[PDB]
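Student: Contents of entry.txt (compact mmCIF, C-alpha atoms and all ligand atoms) are given next:
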```
# COMPACT_ATOMS: atom_id res chain seq x y z
CA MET A 1 0.09 14.34 -2.87
CA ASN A 2 1.24 10.94 -4.02
CA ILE A 3 1.10 7.35 -3.11
CA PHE A 4 3.80 7.79 -0.71
CA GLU A 5 2.01 10.27 1.38
CA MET A 6 -1.13 8.41 0.81
CA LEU A 7 0.43 5.44 2.37
CA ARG A 8 2.40 7.44 4.84
CA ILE A 9 -1.08 8.40 6.15
CA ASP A 10 -3.01 5.14 5.82
CA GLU A 11 -0.31 2.94 7.34
CA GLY A 12 2.29 5.15 8.89
CA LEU A 13 6.01 5.67 8.83
CA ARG A 14 8.39 4.50 11.46
CA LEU A 15 11.81 5.96 10.88
CA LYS A 16 13.73 3.55 13.07
CA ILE A 17 14.02 -0.29 13.15
CA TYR A 18 11.18 -2.26 14.55
CA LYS A 19 10.12 -5.76 14.95
CA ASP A 20 6.90 -6.23 13.06
CA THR A 21 3.97 -8.19 14.31
CA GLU A 22 5.63 -11.54 13.58
CA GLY A 23 8.95 -10.52 15.12
CA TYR A 24 10.55 -9.29 11.91
CA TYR A 25 12.74 -6.26 11.50
CA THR A 26 11.05 -3.54 9.57
CA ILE A 27 11.33 0.20 8.95
CA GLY A 28 9.58 3.09 7.14
CA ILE A 29 6.34 1.98 5.54
CA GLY A 30 6.22 -1.73 6.39
CA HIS A 31 9.47 -2.24 4.71
CA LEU A 32 10.74 -5.45 5.94
CA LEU A 33 14.46 -5.70 6.45
CA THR A 34 15.14 -9.35 7.50
CA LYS A 35 13.33 -12.50 8.52
CA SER A 36 16.37 -13.56 10.34
CA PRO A 37 16.72 -12.68 14.08
CA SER A 38 19.76 -10.55 14.23
CA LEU A 39 19.71 -6.85 14.62
CA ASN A 40 23.10 -6.64 13.15
CA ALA A 41 21.56 -8.31 10.13
CA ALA A 42 18.75 -5.85 10.01
CA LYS A 43 21.23 -3.01 10.39
CA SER A 44 23.54 -4.35 7.71
CA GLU A 45 20.73 -4.70 5.22
CA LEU A 46 19.56 -1.22 5.95
CA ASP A 47 22.94 0.31 5.68
CA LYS A 48 23.37 -1.64 2.41
CA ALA A 49 20.00 -0.60 1.12
CA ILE A 50 20.25 3.01 2.17
CA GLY A 51 23.79 3.44 0.88
CA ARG A 52 25.38 4.68 4.18
CA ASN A 53 25.77 4.08 7.89
CA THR A 54 22.17 4.68 8.96
CA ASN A 55 22.62 3.10 12.33
CA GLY A 56 19.00 1.98 12.22
CA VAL A 57 17.75 5.50 11.69
CA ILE A 58 16.58 6.91 8.43
CA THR A 59 15.06 9.95 6.84
CA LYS A 60 11.77 10.18 5.07
CA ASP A 61 13.42 10.25 1.64
CA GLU A 62 15.17 7.14 2.38
CA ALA A 63 11.89 5.69 3.47
CA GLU A 64 10.46 6.87 0.20
CA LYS A 65 13.21 5.10 -1.54
CA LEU A 66 12.59 1.91 0.33
CA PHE A 67 8.96 2.39 -0.31
CA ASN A 68 9.29 2.92 -4.03
CA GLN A 69 10.46 -0.65 -4.06
CA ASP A 70 7.74 -2.25 -2.12
CA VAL A 71 5.57 -0.47 -4.54
CA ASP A 72 7.23 -1.93 -7.58
CA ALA A 73 6.89 -5.30 -6.05
CA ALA A 74 3.21 -4.89 -5.38
CA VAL A 75 2.52 -3.84 -8.91
CA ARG A 76 4.29 -6.82 -10.24
CA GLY A 77 2.10 -8.86 -7.96
CA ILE A 78 -1.00 -7.23 -9.38
CA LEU A 79 -0.06 -7.74 -12.95
CA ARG A 80 0.88 -11.38 -12.28
CA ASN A 81 -2.64 -11.78 -10.86
CA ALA A 82 -5.13 -12.72 -13.55
CA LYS A 83 -7.88 -11.03 -11.65
CA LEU A 84 -6.17 -7.78 -10.70
CA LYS A 85 -4.34 -7.20 -13.94
CA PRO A 86 -7.11 -6.16 -16.30
CA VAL A 87 -8.30 -3.74 -13.63
CA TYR A 88 -4.89 -2.26 -12.96
CA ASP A 89 -4.54 -1.54 -16.60
CA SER A 90 -7.96 0.15 -16.97
CA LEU A 91 -7.26 2.44 -13.98
CA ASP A 92 -5.83 5.96 -13.86
CA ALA A 93 -2.92 6.96 -11.65
CA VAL A 94 -4.96 7.72 -8.57
CA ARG A 95 -7.27 4.81 -8.80
CA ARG A 96 -4.25 2.50 -9.29
CA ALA A 97 -2.86 4.05 -6.20
CA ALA A 98 -6.03 3.28 -4.27
CA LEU A 99 -5.75 -0.32 -5.47
CA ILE A 100 -2.13 -0.47 -4.48
CA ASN A 101 -3.24 0.84 -1.14
CA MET A 102 -5.63 -1.99 -0.65
CA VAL A 103 -3.15 -4.48 -2.02
CA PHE A 104 -0.67 -3.18 0.41
CA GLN A 105 -3.00 -3.81 3.27
CA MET A 106 -4.61 -7.04 2.55
CA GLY A 107 -2.37 -8.73 0.02
CA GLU A 108 -2.86 -9.43 -3.63
CA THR A 109 -5.03 -12.35 -2.76
CA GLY A 110 -7.33 -10.43 -0.47
CA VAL A 111 -7.81 -7.59 -2.79
CA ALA A 112 -8.37 -10.28 -5.42
CA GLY A 113 -11.42 -11.59 -3.56
CA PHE A 114 -13.68 -8.70 -4.47
CA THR A 115 -15.22 -9.88 -7.65
CA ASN A 116 -17.93 -7.37 -8.38
CA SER A 117 -15.98 -4.46 -7.30
CA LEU A 118 -13.15 -5.25 -9.64
CA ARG A 119 -15.61 -5.82 -12.38
CA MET A 120 -17.41 -2.56 -11.78
CA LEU A 121 -14.06 -0.82 -11.48
CA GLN A 122 -13.02 -2.34 -14.73
CA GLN A 123 -16.11 -0.86 -16.27
CA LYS A 124 -15.57 2.58 -14.85
CA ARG A 125 -18.34 2.43 -12.27
CA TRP A 126 -16.15 4.04 -9.72
CA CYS A 127 -19.07 5.06 -7.77
CA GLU A 128 -20.85 1.74 -7.56
CA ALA A 129 -17.66 -0.01 -6.85
CA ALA A 130 -17.16 2.33 -3.93
CA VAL A 131 -20.71 1.78 -2.82
CA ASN A 132 -19.95 -1.84 -3.11
CA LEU A 133 -16.83 -1.88 -0.92
CA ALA A 134 -18.65 0.03 1.70
CA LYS A 135 -20.50 -3.13 2.22
CA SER A 136 -17.60 -5.33 3.30
CA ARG A 137 -15.88 -6.38 6.50
CA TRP A 138 -12.97 -4.31 5.35
CA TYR A 139 -14.98 -1.23 5.27
CA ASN A 140 -16.13 -2.19 8.75
CA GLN A 141 -12.80 -3.20 10.11
CA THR A 142 -10.59 -0.13 9.32
CA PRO A 143 -13.25 2.28 8.48
CA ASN A 144 -11.06 5.41 8.53
CA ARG A 145 -8.79 4.10 5.75
CA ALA A 146 -11.52 2.39 3.82
CA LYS A 147 -13.40 5.63 3.61
CA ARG A 148 -10.59 7.45 2.10
CA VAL A 149 -9.74 4.66 -0.27
CA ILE A 150 -13.35 4.29 -1.16
CA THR A 151 -13.85 7.94 -1.85
CA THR A 152 -10.78 7.81 -3.85
CA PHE A 153 -12.17 5.25 -6.21
CA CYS A 154 -15.20 7.41 -6.52
CA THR A 155 -13.59 10.75 -6.93
CA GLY A 156 -10.34 9.90 -8.52
CA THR A 157 -8.67 12.86 -6.77
CA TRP A 158 -6.57 13.10 -3.62
CA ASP A 159 -9.28 15.14 -2.19
CA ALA A 160 -9.56 12.72 0.73
CA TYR A 161 -5.90 12.97 1.81
CA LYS A 162 -5.58 16.75 1.86
CL CL B 201 10.04 6.67 14.52
CL CL B 202 -17.40 -8.36 -4.09
```
Would you write the structure of this file as structure tokens?

Tutor:
Amino acid sequence: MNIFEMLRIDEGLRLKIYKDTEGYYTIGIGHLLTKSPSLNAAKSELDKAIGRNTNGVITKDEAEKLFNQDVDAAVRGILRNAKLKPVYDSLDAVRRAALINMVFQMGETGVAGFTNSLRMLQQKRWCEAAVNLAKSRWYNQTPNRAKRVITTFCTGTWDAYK
């Protein structure tokens, strides 16, 4: 287990081009290809990115690859964020992962909105934090994910993704 499978599960992996919600070409784990409106452009970018003639279709490794980037980006977002940073730093691999998970789903800003939680997390009150997120729209909106993420903050294991 790792963040890639973690996210493979939470969000999902499409291995072929797709127009996201707002019409944009994406692939793998929400890896956006182009904002432009040309498939050829999406394709080109992919093919560039992947280092071969994908033809719009990729493998999971490739996806990983692509993913490993989005990840790097997210972290940089976190660390640039005066609220998220301290937390990120206090965290252990797994917990960071759980944070990246959230970040990945609601944006650095969103995640940023949970004051207490972050605090508590910062202080190592995994459990309370968890308890605390349980009581949020989030928890109520995508309960299946939230639960896992939540438990993750509490347990600090991948126990929930097995
Ligand atoms: Cl697919
Ligand atoms: Cl809060």

Student: Quick one: of A:14, A:124, A:31, A:135, who's nearest to residue A:65, counting only C-alpha atoms?

Tutor: A:31

Student: Produce as a list in words the set of residues near ligand CL 201 (chain B), where near means within 12 Å with all atoms listed in the file considered.

Tutor: residues 12, 13, 14, 15, 16, 17, 18, 26, 27, 28, 29, 56, 57, 58, 59, 60 and 63 of chain A

Student: Could you jot down the atom CA of residue A:108 to atom CA of residue A:153 separation for me, Å, one decimal place?

Tutor: 17.6 Å

Student: May I ask you to write as number ranges by chain all residues lying at most 9 Å from ligand CL 202 (chain B), with only C-alpha atoms and all ligand atoms counted?

Tutor: A: 113-119, 129, 132-133, 135-136

Student: I want to know what sits within 9 Å of residue A:78, based on only C-alpha atoms, with residues of the same chain fewer than 6 positions away left out; could you give that as an NGL selection string?

Tutor: :A and (84-85 or 88 or 100 or 103 or 108 or 112)

Student: Next, write the just-selected residues to a file, as a CSV table (one decimal), in the frame of the given file, keeping C-alpha atoms as the atom set.

Tutor:
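Heads up, here's the output in selection-v4.csv:
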```csv
chain,number,residue,atom,x,y,z
A,84,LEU,CA,-6.2,-7.8,-10.7
A,85,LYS,CA,-4.3,-7.2,-13.9
A,88,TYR,CA,-4.9,-2.3,-13.0
A,100,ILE,CA,-2.1,-0.5,-4.5
A,103,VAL,CA,-3.2,-4.5,-2.0
A,108,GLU,CA,-2.9,-9.4,-3.6
A,112,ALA,CA,-8.4,-10.3,-5.4
```

Student: What is the distance between atom CA of residue A:89 and atom CA of residue A:126, in Å to one decimal?

Tutor: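 These two atoms are separated by 14.6 Å.
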
Student: Let me have the centre and edge lengths in Å, one decimal, of the box along x, y and z around every listed atom of stretch 138-156 of chain A with 8 Å of margin on each side, as lines of an AutoDock Vina configuration file.

Tutor:
```
center_x = -12.5
center_y = 3.2
center_z = 0.8
size_x = 23.3
size_y = 31.1
size_z = 34.6
```

Student: Looking at A:33, A:19, A:123, A:146, which one is nearest to residue A:90, with distances taken over all atoms listed in the file?

Tutor: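 Of all the options, A:123 lies closest to residue A:90.
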
Student: Can you measure atom CA of residue A:102 to atom CA of residue A:47 for me? One decimal in Å is fine.

Tutor: 29.4 Å

Student: For residue A:1, please output as a list in words all residues within 12 Å (counting all atoms listed in the file; exclusion window: fewer than 5 positions along the same chain).

Tutor: residues 6, 7, 8, 9, 93, 94, 97, 157, 158, 159, 160, 161 and 162 of chain A

Student: Could you check the closest approach to residue A:83 for each of A:148, A:36, A:64, A:111 and tell me which residue wins, using all atoms listed in the file?

Tutor: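 Smallest separation from residue A:83 among the options: A:111.
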
Student: Using all atoms listed in the file, give me every residue within 10 Å of (5.0, -3.8, -3.5) in file coordinates, as a VMD selection string.

Tutor: chain A and resid 31 67 to 78 100 to 101 103 to 104 107 to 108

Student: Identify which of the residues A:106, A:32, A:154, A:131 lies closest to residue A:92, counting all atoms listed in the file when measuring atom-to-atom distances.

Tutor: A:154

Student: Which one is closest to residue A:98: A:37, A:23, A:30, A:156? Count all atoms listed in the file.

Tutor: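 Ranked by minimum distance to residue A:98, first place goes to A:156.
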